[PDB]
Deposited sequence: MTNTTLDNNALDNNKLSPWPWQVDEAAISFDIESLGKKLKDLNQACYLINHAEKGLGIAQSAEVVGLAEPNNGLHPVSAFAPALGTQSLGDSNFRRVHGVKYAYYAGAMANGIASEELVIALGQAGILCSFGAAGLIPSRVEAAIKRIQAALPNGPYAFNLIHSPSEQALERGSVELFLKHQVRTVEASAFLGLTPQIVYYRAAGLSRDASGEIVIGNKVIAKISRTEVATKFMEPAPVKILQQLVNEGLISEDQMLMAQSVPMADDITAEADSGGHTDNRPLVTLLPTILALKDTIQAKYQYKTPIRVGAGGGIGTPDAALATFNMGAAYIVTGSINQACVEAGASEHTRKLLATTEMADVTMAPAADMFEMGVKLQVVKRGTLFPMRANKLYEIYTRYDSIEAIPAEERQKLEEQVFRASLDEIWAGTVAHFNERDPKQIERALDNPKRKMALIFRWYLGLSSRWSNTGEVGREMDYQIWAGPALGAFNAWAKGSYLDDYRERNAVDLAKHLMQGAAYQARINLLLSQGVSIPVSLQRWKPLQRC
């Protein structure tokens, strides 16, 4: 290196200079004091190692930040039933951070209200809305899309898809237009969250002609839109969702992400889109360490979820938040999902401080083993009635009927619990604590452990914005440390990691 200097061997000061990512670091050894650092040099103590000013903006894909209009290559993933609440979106968006409104499970009127509120607060973004695939209820998907289009909601996080549907195709294609120069403008942005290559492929490739044609025919998109749709991917960003809270197939981040990046390279080479497809990732990200790891694999951006439910902005009860602050990595497990209960799908939930997973598991065993509720041995039937429902199955069924084969009846009854248990947690239903269904992964325990001993120990002091900052600033910090280490600098262990001190 070409520099020399004439500052500093003061350990506390070493920490301060290292942590200022807005300034370059010039490193000196000598003897003693034996590692020194300066923030200015000149083209006579020469310089042994260097780190440039590289901050949070240096992580991830700059195009992600440009396209979404955000300060970080980060987003807070949707959380069902308004858990990713209006307050959450607004707080994050006010900070220049992307967040997906948790539309899943909410009624249309509720979603409309959220749109209005969010748009009032964030007239020029950033924000996204969750569009969840609803296999059983196509009309509902159509409805959400119409709403989004009606209000010019420009960004959607598409999740739980098994491939394309006419509704997501419609959203995508309806946003396309030509600029003065004749180039395609992609007005409706899509972030497709996936865990399989088969589905990723569908979103990385253009929409099919036949679906497009029907949309033209139905008067939903224009001929040119149909044409344009054939030359742009179905999503701008692909979120690889590894092992995570909620619905998940438990794939390792370190294998999923690389696999999807491989796929990306393949598709990009084949289509040569003018704007390259981006691949980001989530699932397991609760620390600076994990955040950096994910960027380091080639993630365009990172996604958090579990840690955000723990924050004061989230639509989750005080009880629940409090409990989330104590939840360790061993305190989560797989349990039956209300959605696709019948096929045995499971989701990752909290199992300490609640009996939900045991109870859900019981409902599945019973559902699968009996023909009808009548076949359930008056025996365990009565314990269910006592411990789970707190009312005869018949009475549950009556309520259900007012909310409007025997196997189907049994499911409908059981889904009362599977469904309401999530609501109970979200709203804080008193006396129903032991039945709270609370979605979370190992990310949360990771976070908690990382934060132990800090101000973050108090659930009341957890703000989504702050968490984002820690992950991003921490990652950036640790990137600098790696750079110096790579060069043979002896950074003291106590400075090697970003910890929450303030």
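Gaps between the deposited sequence and the modelled structure occur at positions 1 to 18, 25 to 27, 65 to 73, 435 to 447, 546 to 547.
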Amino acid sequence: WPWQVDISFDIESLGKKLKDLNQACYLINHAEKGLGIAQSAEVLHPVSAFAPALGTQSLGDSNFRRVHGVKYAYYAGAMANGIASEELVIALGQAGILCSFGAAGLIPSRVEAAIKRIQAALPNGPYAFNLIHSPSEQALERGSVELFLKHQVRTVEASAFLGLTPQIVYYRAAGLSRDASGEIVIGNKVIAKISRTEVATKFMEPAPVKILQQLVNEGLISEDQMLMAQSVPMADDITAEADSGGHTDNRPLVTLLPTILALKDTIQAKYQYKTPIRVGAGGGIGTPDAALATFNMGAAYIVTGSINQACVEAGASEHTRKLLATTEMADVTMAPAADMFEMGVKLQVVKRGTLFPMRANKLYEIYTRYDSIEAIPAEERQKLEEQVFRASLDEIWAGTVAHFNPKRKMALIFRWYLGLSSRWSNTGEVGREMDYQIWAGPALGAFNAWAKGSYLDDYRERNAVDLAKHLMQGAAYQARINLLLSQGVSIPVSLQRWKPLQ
From here on, numbers count along this sequence of modelled residues.
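The stretch 219 to 227 shows the higher mean C-alpha B-factor when 219 to 227 is compared against 308 to 316 in the entry. The PDB entry reports B-factors from which the mean C-alpha value can be compared for 79 to 87 and 339 to 347; the larger average falls on 339 to 347.
Of all the options 241, 157, 374, 237, the entry's greatest CA B-factor is assigned to 374. If you compare the C-alpha temperature factors of 470, 33, 460, 65 in the entry, 33 comes out highest.
When all modelled residues of the chain are sorted by CA temperature factor, residue 133 is found within the middle third. Among the modelled residues of the chain, residue 277 sits in the middle third by CA temperature factor in this PDB entry. Sorting the modelled residues of the chain by their CA temperature factor places residue 422 in the middle third. When the modelled residues of the chain are ordered by their C-alpha B factor, residue 181 lands in the highest third.
Annotation for residue 439: C-alpha temperature factor in the lowest third relative to the rest of the modelled chain, per the entry.
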